[PDB]
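Naming: A, B, ... by sequence-line order, numbering from 1 per chain. For ligands, and for the atoms within them, numbers begin at 1 and follow the listed sequence. Values below: all heavy atoms of this structure, side chains included; hydrogens, waters and symmetry mates excluded.
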Amino acid sequence: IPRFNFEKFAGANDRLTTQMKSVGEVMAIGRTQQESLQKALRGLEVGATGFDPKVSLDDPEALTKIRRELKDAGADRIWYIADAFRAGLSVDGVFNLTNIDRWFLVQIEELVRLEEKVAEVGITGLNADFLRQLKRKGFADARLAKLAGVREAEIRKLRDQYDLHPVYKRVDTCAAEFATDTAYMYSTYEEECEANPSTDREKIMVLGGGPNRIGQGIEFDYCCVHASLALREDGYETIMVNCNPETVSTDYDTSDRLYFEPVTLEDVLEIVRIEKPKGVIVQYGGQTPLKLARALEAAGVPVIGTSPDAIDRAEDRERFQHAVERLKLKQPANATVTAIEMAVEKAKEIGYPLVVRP
Amino acid sequence: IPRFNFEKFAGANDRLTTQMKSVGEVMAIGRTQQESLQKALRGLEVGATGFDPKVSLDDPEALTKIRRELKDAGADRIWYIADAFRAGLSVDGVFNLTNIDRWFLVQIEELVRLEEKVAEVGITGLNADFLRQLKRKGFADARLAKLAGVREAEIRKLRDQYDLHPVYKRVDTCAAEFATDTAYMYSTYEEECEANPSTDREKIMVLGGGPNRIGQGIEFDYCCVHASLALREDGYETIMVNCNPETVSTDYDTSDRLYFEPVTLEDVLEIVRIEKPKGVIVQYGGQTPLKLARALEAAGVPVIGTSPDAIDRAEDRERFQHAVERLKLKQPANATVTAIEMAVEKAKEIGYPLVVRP
Amino acid sequence: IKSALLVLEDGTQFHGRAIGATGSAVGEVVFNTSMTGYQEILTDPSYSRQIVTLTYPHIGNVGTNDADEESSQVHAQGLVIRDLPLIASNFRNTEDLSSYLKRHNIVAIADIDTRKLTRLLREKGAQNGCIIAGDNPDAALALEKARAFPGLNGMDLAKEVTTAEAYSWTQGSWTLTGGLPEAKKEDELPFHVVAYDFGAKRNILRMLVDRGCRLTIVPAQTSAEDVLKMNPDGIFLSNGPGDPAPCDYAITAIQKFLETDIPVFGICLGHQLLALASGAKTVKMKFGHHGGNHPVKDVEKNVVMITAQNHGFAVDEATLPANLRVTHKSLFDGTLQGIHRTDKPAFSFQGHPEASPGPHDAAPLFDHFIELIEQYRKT
Amino acid sequence: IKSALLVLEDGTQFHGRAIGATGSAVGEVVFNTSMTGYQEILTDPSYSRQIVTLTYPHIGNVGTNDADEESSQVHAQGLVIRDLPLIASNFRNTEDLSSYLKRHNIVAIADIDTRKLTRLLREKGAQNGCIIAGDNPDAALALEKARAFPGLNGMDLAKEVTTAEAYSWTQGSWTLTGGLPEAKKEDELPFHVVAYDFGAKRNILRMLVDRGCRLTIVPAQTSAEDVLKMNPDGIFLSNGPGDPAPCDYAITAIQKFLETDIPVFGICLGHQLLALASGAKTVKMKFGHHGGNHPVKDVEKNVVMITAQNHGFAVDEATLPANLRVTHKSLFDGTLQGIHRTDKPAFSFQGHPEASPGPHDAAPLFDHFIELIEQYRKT
Ligand SMILES: [Cl-]
Ligand SMILES: [Cl-]
Ligand SMILES: [Cl-]
Ligand SMILES: [Cl-]
Ligand SMILES: [K+]
Ligand SMILES: [K+]
């Protein structure tokens, strides 16, 4: 799935055409197309957990917007397609506007229908069979959580409860016709596991940044790779976690074990669950892995290097002002305004010119 | 199908609810629901030939309009439903919006699909096999013609060619388990004809006004009955053609032969075809039959009483002004203005106050 | 394009579309005016060797479901309808009609002028016919198959649809709320009734149990002796296909039953047997009675009932022994509908009190039976 | 819910979903790596008595159509897949996979870990197994059946799928534009080839016709004497199921041919048969070759071709008569893939030059055969 950054180019024509406008891409592998696609969506780093809606069900004007988005594709198209099914459009209807093969459309529609059942039965309706079927279609805990109206952890709790975990299969170039000594893996909800972790070595995990976007480029990957080469050279068993198909980090040669997966809490926790690494580096993949640091630590992950809290200390405007204070350092005049008039008065205080941060 | 008059009540609320707002109703009989439904649509006296589109296909806001019309029904909802299928809405989506049983919706959908074929293939594509299929679905000549880009008459000739004509069955209360001596018939595209016209008497045809509407009331129907009662007494074989379920005119007791059909050119011509009456009265049912006189005479229909042309002479604002002139009679100053500014001048001429007829 | 064709004895042809199984079907062609209950109609054993044509154009609007089965299988030889609905729209539907016919391997055509056909049957009378559903239906072959049909007249079909061994029935009727009830404990049912399976419709049975009867379903050719051994509270004689006249075994039996004081009640076919055993004669109708809007008068009460009818033979009123009183009569045609033995606790009805499908107007007829049983047990 | 179960000889179970007919299937289980060509594979006679597992997860994406049938029927004993798509999406489709399976009465299961199954067969070698599809699939029973399966080793299946009577074949290949061609006239085909039907794939015949051969398809057991009588321009030995070893009739006749100067060409089973008749030995492979991405080197030219493979037995290269020269080897496992008689116009390929499905890389094998024929006619 390509990754875009239109938001950064306000004045731009944001419709997809023959000239590329994409800034990067994500890749996913699944045993089925639904699994593959959903996994890709949740690894896209756009805040998607899958097919999150773009327009409300009760917006009278929704079908017009949906229609526009299907007919003339932008970057949100994939999400508008499920919204179309949600709103009563048929597969044939969607086909005529998008020209996307029905073979793919029918699959998205089936996901919507499943989402509808989840929403209906709520968390209670999530028995082990049903939940397993959902997982098998690539549904993220996060997406189920939303539909059921619970926190994501709640869905994950449930799986632990049912012992509903994924299995890891290996890439081998030959549909398993021959054995492989490489550990290039992906998760799926199947029977046989091929992870076969080692109990032997001290393992180090490195988390990548998913697809590149402006501000989250190759430079982060570069770091990710080095960590891996270094620690591997030092004798550590290096485990790389990333899903950007363009990078060196996802080259099987770069690490001991490569899990081509979405760099999400969900996905990472499952790998940790079976690898039980000595430590995890979250500081090198850019925003993506940073954002997950706290939850990981809290879920019991051995995050190594600068603590999550520390990072937080620095990222939080407030905590920071406090430290800079404490160290008797110079920091530009600042305020935290809530209202307009409040800002005018404060602005007076601070002094023009000003830097207004959202 | 109920008949409304919302245009006469500009300021009123046109949404359908639990308080009746219709002014009349038309009824149709068909060997099938589809056939029955389309016959009713064409006999509604609203300028419909069936499921004529209400919104354009290229209208970006069309899905919005359709949705509103579907969710909060007005008198046009039946049309908006076919528009929904055209636009790609599914039977389910339509259902969720209207709560109209899918059993009905699916049939409308089918009709839409067939409409599409027509449109595609054109008049060339109307072989006898298919044309017969369409007629059996209740399709009107006028309807198919719009679809094929030909005059209604072309479709009608075409049927003449293929010797494609309806058959007449009878109403008997018992599904043909018992014989009947009553001539209460309806048209269908079937095998066996039950019309069995007489060769015996001189027959007189009386054309009813269809569903009542404001200005086209029981008054006309009253007349219609009287024509029947009278001529029959006088020993003529009387044939009534009407489709208003409320009136005395559609009471089998009122004439010798009752054809419960749409008061259309098409429908009428079919009756005349097998009946071959001595004459037909079109001056008693109101605007409905009146508007058919010219066409009927042209198709060789024995129109008795004031000739269609004579009629036209009076109704035509120009034809008329002329004869009043010729009779040296008093008429109010008139003008036929095309442009605004023209009117103002022409106005000055005529003198205020002024009656503006469109 | 899946052709199908129907040809009558007379060589009248009907061209349509195939909606069921591939192949041919042959039997007597009949018309049923029932606007509802197609499933119940199809699974009515009485229809064995009959090709059914339904007057109501839309057959299949509500699909199908097990509870609407009047027997274990579809007994009708073939199905003829005007239109087969695009879909089934009913919360009770478990399977569309086409698939259902296909499932039960029934040959059936749609899209024909069922009206034309009905008028022909009503005017000219019943006619055997043949349906051929396939790639290129052979009209000649059809006519041949059609003419070759032996004919229901004098045909014992009862013996072809009856149960192999006997069995017990303790199940009551369906309810909207409860559906089809679990079968009643044997000790729970007051009376014991023995019922002759001449191609018995489940609803009859169900309505009996509903009334406090435990049942023993017996094969058609069961001997009176074998029966009387069971110490029956009453004896019941079901509906069923073909001619009642060639059913010697049962007539005989019934006669034996008639020497006893045992209460005896017959429905449809059973009514014809009861009559024959009584000394009357039967006759084959011109086209019969098939529909659910049939008025019948209880002459005694002078009241009318709307009834379910499925019968091609009748009891000639003019041959009635005197020990046989006329109870009911058809308001449509004057034909015989009910009889009571003047001398014995034995009575019968020509239509279907158990309906299904159809008006529940004639149900009370069962009540009378009970009345005879209760009084019998009083002795 | 529609259950299905797959049980192996070793007891390994796979629980899934029924996508084909209700019932059970037993046979040797194999895996095929072809990402496309499912129909062709299913209709390959060589798969007789075998349960086919497809490694590509989505099978049925394009539905099915007649042109993609490699024979008169589905020969696979069963089909095992990971996922049956919601719809078939291809202009060529005439029937969805499920429907097709049911139509051919094939027992098939979906929704199982074919990867695990594949790794299992690779690691441990082929295994017999049984699929049971129905209400409540008995795994113990499945295991019984699987364990009871006599197995392919020593089994002659050729005589099982061969044609009863001989016939002519003059139809060539399909084309996108034209589809399958009208069968050619005999005067339109220069050469006359006698082909032994050991479970021949239509593509081979079609391809042969494309090359100018009018064909006479003969029963597997047809005598050399009978053939010779026909004055063949060349003799063709088709592919086919089971062990080539037990086919004495064939080996015998080939040996006879081998005494003449008539060109002989064999594909798959035919290759095996040609080798046996020349004195070599055949073995049953651990798991065999079943796929469309199998590299085979033409040792003479040192070139590689991507091939369509479908075989579980092979010719042992270390028992090759000196009169048998090795022409091709598998680049995957170094197994024997081609041989040519050094002293006679006779050669054969272990793979499927006719592909269907798979790469057209090996088609030139045919050409060499035409060569021999033209030269033979020269004399
Ligand atoms: Cl017909
Ligand atoms: Cl008779
Ligand atoms: Cl499995
Ligand atoms: Cl071996
Ligand atoms: K027809
Ligand atoms: K499974």
Side-chain angles (χ1 to χ4, degrees), chain A residues 31-32 132-133 136 166-167 169 176 188-194, chain B residues 31-32 35 128-137 164 166-167 169 176 188-194, chain C residues 1-8 10-19 29 31 51 53-55 57 80-84 108-121 129 131-133 137 139 142, chain D residues 3-8 10-19 29 31 51 53-55 57 80-83 108-121 129 131-133 137 139 142:
Chain A
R31 283 273 287 159
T32 55
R132 167 177 301 96
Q133 161 207 33
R136 266 167 82 75
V167 296
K169 311 289 218 192
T188 177
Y189 280 79
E190 235 162 349
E191 282 303 306
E192 172 169 271
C193 193
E194 309 173 21
Chain B
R31 277 285 283 172
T32 54
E35 175 166 58
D129 280 13
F130 177 41
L131 183 50
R132 180 174 341 109
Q133 168 188 22
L134 308 164
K135 300 305 289 193
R136 285 154 64 75
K137 296 301 210 191
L164 174 57
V167 294
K169 308 295 198 170
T188 190
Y189 279 80
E190 214 131 355
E191 277 307 313
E192 180 165 280
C193 195
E194 279 179 59
Chain C
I1 167 84
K2 272 164 171 135
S3 285
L5 132 91
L6 155 91
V7 176
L8 310 165
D10 80 359
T12 304
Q13 318 188 344
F14 298 89
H15 301 274
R17 146 172 97 89
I19 50 153
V29 188
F31 78 79
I51 287 167
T53 319
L54 294 171
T55 51
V80 177
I81 76 181
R82 173 58 175 78
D83 192 81
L84 169 85
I109 180 174
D111 301 335
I112 57 111
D113 190 334
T114 62
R115 192 167 156 97
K116 166 168 196 188
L117 169 69
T118 292
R119 298 197 326 105
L120 193 48
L121 297 162
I131 296 162
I132 287 161
Chain D
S3 300
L5 168 75
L6 167 77
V7 195
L8 298 190
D10 84 342
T12 315
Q13 305 170 23
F14 300 88
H15 300 264
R17 169 159 94 87
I19 53 160
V29 183
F31 71 84
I51 291 167
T53 302
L54 297 170
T55 66
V80 176
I81 66 177
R82 171 54 178 81
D83 186 88
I109 178 164
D111 306 332
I112 68 102
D113 197 334
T114 48
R115 184 163 164 93
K116 167 190 190 179
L117 172 43
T118 300
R119 295 215 319 127
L120 173 55
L121 287 171
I131 297 175
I132 280 162

**Request:** Using only heavy-atom distances, determine whether the side chains of C:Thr114 and B:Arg31 contain a donor-acceptor pair under 3.5 Å.
**Result:** yes
**Item:** Inter-residue atom distance C:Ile109.CD1 - C:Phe14.CZ, 0.5 Å rounding
**Value:** 9.5 Å
**Message:** Please give me the minimum heavy-atom distance between D:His15 and D:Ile112, naming the atom from each residue.
**Reply:**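 Looking at all heavy atoms of both residues, the shortest contact is O-CG2, 3.3 Å.
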**Request:** Of all the heavy-atom pairs spanning C:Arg119 and B:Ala176, show the shortest one and how long it is.
**Result:**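 Minimum heavy-atom separation between C:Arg119 and B:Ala176: CG-CB, 3.6 Å.
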**Item:** Any D:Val29 side-chain heavy atom under 4.5 Å of D:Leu121 side chain
**Value:**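 The answer is yes, as the side chains (C-beta and beyond) meet within the 4.5 Å cut-off.
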**Asked** Is it true that C:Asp113 and B:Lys169 make a salt bridge, defined as a side-chain N closer than 4.0 Å to a carboxylate O?
**Response** yes
**Asked** Distance below 3.4 Å from the K ion (ligand 5): how many protein N/O/S atoms qualify?
**Response**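 Those protein atoms number 2 in total.
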